[PDB]
Structures are given as structure tokens and as C-alpha cells.
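One structure below.
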Amino acid sequence: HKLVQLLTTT
Amino acid sequence: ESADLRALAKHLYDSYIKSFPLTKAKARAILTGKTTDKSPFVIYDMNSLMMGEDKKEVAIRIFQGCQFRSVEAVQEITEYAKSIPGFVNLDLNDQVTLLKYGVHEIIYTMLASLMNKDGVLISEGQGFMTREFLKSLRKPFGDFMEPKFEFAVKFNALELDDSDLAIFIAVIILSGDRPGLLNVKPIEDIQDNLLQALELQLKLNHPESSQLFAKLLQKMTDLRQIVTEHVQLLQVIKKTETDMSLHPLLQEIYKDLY
Ligand SMILES: CCO[C@@H](Cc1ccc2c(ccn2Cc2nc(-c3ccccc3Cl)oc2C)c1)C(=O)O
């Protein structure tokens, strides 16, 4: 969730 | 093939330099005083901690402080994982899972880089907190760091450098056996390639180090036990030490972990 944000950030 | 494995090794090292501002190379320069900049301030007691706190009980403040660095390190490790070839193409839920189970194993790996037998570098290497001071903290906070020091001393005896660590770290993140993975195969395939790259790296970088590769792989399993102990300590704190919470990011990593 916060992990998803970090993972998909560019 | 050999050239590809070396280019993989180098790609991982470059990514590691881009992701982690404070390397083992720099850390050791600081710990051995082979640097031009100021000696780090030593935190060895309560009022020593006071003076350094410039540049709510003691044990809680330290534990709250750890968390801010922990979440910063989670961000760094995530950025590094996104540079491992094949990783961003995995099902996103599997990336989350890989990250969730892998992240603290990596934090403790890299923390060993900032440790010697007497203490640990904090705040980007500007402070040094003695192992003895951390051991002095009241139950259960005084039990947090000691297993990490015990691991770090033995881990550091292997004398891995940043280039070794970049591959080591990638191998751990790409563990096909994390609980609840949807697609194990493409993870094992990537890991198999990274292991080949690690084996070649250790042979070329440490030709005389007996069974280094096998020794390293073992440490990967030892890290899980360290995380296990940390998590059970956190569960005690959750149950019995209630006035101070856990950063939301860390709650998310730890929620339903194992
Ligand atoms: C209790 C939180 O534990 C972390 C893991 C953890 C523990 C310890 C960690 C880090 C990162 C650096 N350290 C070493 C450390 N960093 C600090 C610190 C860092 C900044 C300010 C003040 C302090 Cl006392 O203290 C200590 C012991 C991460 C977690 O579960 O996410």
C-alpha cells in the first residue's frame, strides 16, 4: 500500500 | 556466460552506489579514522546522548529514532530492488511480498557495515553509539541490538566489500520461498542468475577465501533468525509497552509477516 507507492514511483 | 555475469555484477554495484549514500567503504574509513572529516561523537551514556541529540524515557527515544532511519533505509532498499533486472516486471503483489520479507534482512546486513564489536555508526556516520550503552537499556529495549552485533562481528570477519554486498543483497531479495508468492518460478530464475554472478564475484574478489560462497549463503539464512527475534520483541512492546507506536510503513511491513 505504502510499499506499492514506493515500488511504482518513478 | 562470464562477461554477462560480470556486467550483471557491475550493474548491481552501480545501482548500489546510486541507492545507498553511506557505503561500507566509507563506514570503515570512519571507524578506522582514515578519513579527513571530524571524528564521530560517541554516545556511551545518558547525558552523552543528550549532547548528541542536538547534533520520554531514554530507551523509547532511541527506539523511536531507529524507526525514522529504518523507514529511510526501506526507501533506499526499494529503490535498489527496482534496479535488479527482471524485478519490476514481476507481478506487483510478488514485489510487495519480496520487499516485505526481504527488507529487514537487508537492513541488518548493511547495518553490519556500520558496526564493529564496540558500537554502531548513526546519523550518516556522524555519531557512534556504543554496544554497551544499548545493552544498558531497560527490558525489553536492551535486547534489540545485541543479536545484530553478534551477527555483524562474524559477518564482518568475511571481509565482503560493497561490490560483494550488492549481489548478496539482490540474492536475498529474490528469495523464491517467501510466504504467499504467486509466481515462484520467474523469481527463482532471476535468483539463479544472481547466485551465478555472486559465485563468480567471490571467486574473483576473494580467490583465497575458503568456501566463501557457501559461508555467505549460510548468513542469508542466519538473517531470518535475527528478524524473527526482532519481530517477537516488537510483539512484546505492542502488548506491554503501549504509549509509543510504530511508524505506519513499519506497521505495514510487519502486519501479517509470517
Ligand atoms: C525499533 C525499530 O527497529 C527497526 C530496525 C532498525 C533497528 C536499528 C537500526 C535501524 C537503522 C539503523 N539502526 C541502528 C540505530 N539507529 C539509531 C538512531 C538513529 C537515529 C537517531 C537516533 C538513534 Cl538512537 O539507533 C540505533 C540502535 C533499523 C525496525 O523494526 O524497522
Side-chain angles (χ1 to χ4, degrees), chain A residues 2-3 6, chain B residues 20-24 27 30-31 40-78 99-152 155 223-255 257-258:
Chain A
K2 281 164 227 281
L3 288 193
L6 293 173
Chain B
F20 308 115
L22 177 50
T23 59
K24 180 171 183 179
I30 293 158
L31 300 160
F41 45 88
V42 183
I43 311 292
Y44 60 95
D45 90 298
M46 253 226 278
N47 76 79
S48 214
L49 165 78
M50 226 86 253
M51 290 166 212
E53 226 184 277
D54 252 63
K55 295 107 156 246
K56 263 293 102 93
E57 69 181 294
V58 175
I60 298 305
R61 297 205 311 278
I62 290 171
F63 165 88
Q64 281 172 337
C66 285
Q67 292 180 45
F68 292 131
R69 179 47 199 149
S70 195
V71 334
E72 172 183 71
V74 170
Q75 288 149 12
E76 293 159 6
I77 297 156
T78 302
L99 230 218
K100 171 183 203 72
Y101 282 86
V103 74
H104 286 93
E105 292 174 13
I106 302 317
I107 290 171
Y108 304 148
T109 291
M110 300 188 73
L111 201 53
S113 292
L114 324 184
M115 279 165 165
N116 60 31
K117 79 191 180 62
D118 304 320
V120 57
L121 292 176
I122 67 157
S123 33
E124 281 122 276
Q126 300 159 255
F128 183 79
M129 179 161 287
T130 66
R131 181 183 187 165
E132 228 43 77
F133 180 55
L134 286 154
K135 203 140 61 140
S136 94
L137 305 184
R138 52 151 288 218
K139 201 121 272 214
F141 304 99
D143 298 341
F144 261 132
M145 295 310 298
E146 192 57 18
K148 291 137 191 111
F149 281 108
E150 291 174 80
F151 163 88
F155 190 62
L223 279 159
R224 312 200 167 182
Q225 183 152 21
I226 285 150
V227 167
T228 289
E229 289 191 13
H230 190 93
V231 172
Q232 77 197 184
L233 223 49
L234 288 174
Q235 310 284 177
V236 173
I237 289 153
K238 190 166 121 68
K239 291 161 170 168
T240 60
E241 226 51 79
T242 347
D243 42 22
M244 18 54 76
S245 207
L246 192 51
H247 187 289
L249 183 53
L250 299 177
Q251 297 200 44
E252 187 187 297
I253 294 159
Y254 284 127
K255 180 196 48 206
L257 189 80
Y258 294 113

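Atom set for the values below is all heavy atoms of this structure, side chains included, hydrogens, waters and symmetry mates excluded. Start at 1 and go down the list; that is how both ligands and their atoms are numbered. Every chain is numbered from 1 and lettered A, B, ... according to where its sequence line falls, protein lines coming before strand lines.
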Nearest heavy-atom pair of [X] and [Y]: which atoms, and what distance?
X      : Y      : value
B:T109 : B:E105 : OG1-O, 2.8 Å
B:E124 : B:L22  : C-CD2, 3.7 Å
B:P40  : B:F128 : CB-N, 4.2 Å

Salt-bridge contact B:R138-B:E57 (side-chain N to carboxylate O under 4.0 Å): yes

List ligand 1 atoms under 4.0 Å from [X], heavy atoms only on the residue side.
X      : value
B:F63  : 1 (C)
B:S70  : 4 (C), 5 (C), 28 (C), 29 (C), 31 (O)
B:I122 : 16 (N), 17 (C)
B:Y108 : 5 (C)

Polar atom proximity, B:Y254 to ligand 1 (N or O, under 3.5 Å): yes

Nitrogen or oxygen of B:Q67 less than 3.5 angstrom from that of ligand 1: no

Option nearest atom 2 (C) of ligand 1 (shortest heavy-atom distance, choices B:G52, B:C66, B:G119): B:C66

Identify the closest protein heavy atom to [atom]: which residue and atom is it, and at what distance?
atom                     : value
atom 19 (C) of ligand 1  : B:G65 O, 3.8 Å
atom 12 (C) of ligand 1  : B:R69 CG, 3.5 Å
atom 24 (Cl) of ligand 1 : B:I62 CG2, 3.6 Å
atom 9 (C) of ligand 1   : B:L111 CD2, 3.9 Å

Quick one: does [X] get within less than 4.0 Å of ligand 1, heavy atoms only?
X      : answer
B:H104 : yes
B:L250 : yes
B:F68  : no

Student check: side-chain heavy atoms of B:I60 and B:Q64 closer than 4.5 Å: yes

Interatomic spacing from NZ in B:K148 to CZ in B:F155 - rounded to 0.5 Å: 15.5 Å

Distance (rounded to the nearest 0.5 Å) between B:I77 CD1 and B:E72 CD: 10.5 Å

Part of B:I253 with heavy atoms under 4.0 Å of ligand 1, whether side chain, backbone, both or neither: neither

Structural part of B:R61 in contact with ligand 1, heavy atom criterion under 4.0 angstrom: neither

Candidate pair B:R69 and B:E76, rule salt bridge (charged side-chain N to carboxylate O under 4.0 Å, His left out), full reasoning: CA-CA 10 Å; B:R69 179 47 199 149; B:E76 293 159 6; 3.3 Å; yes

ring-ring contact (aromatic ring centres under 6.0 Å, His included) assessment of B:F133 paired with B:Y44: CA-CA 5 Å; B:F133 180 55; B:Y44 60 95; 8.3 Å; no

Side chain to side chain donor-acceptor pair (under 3.5 Å) partners of B:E150, counting only residues at least two apart: none

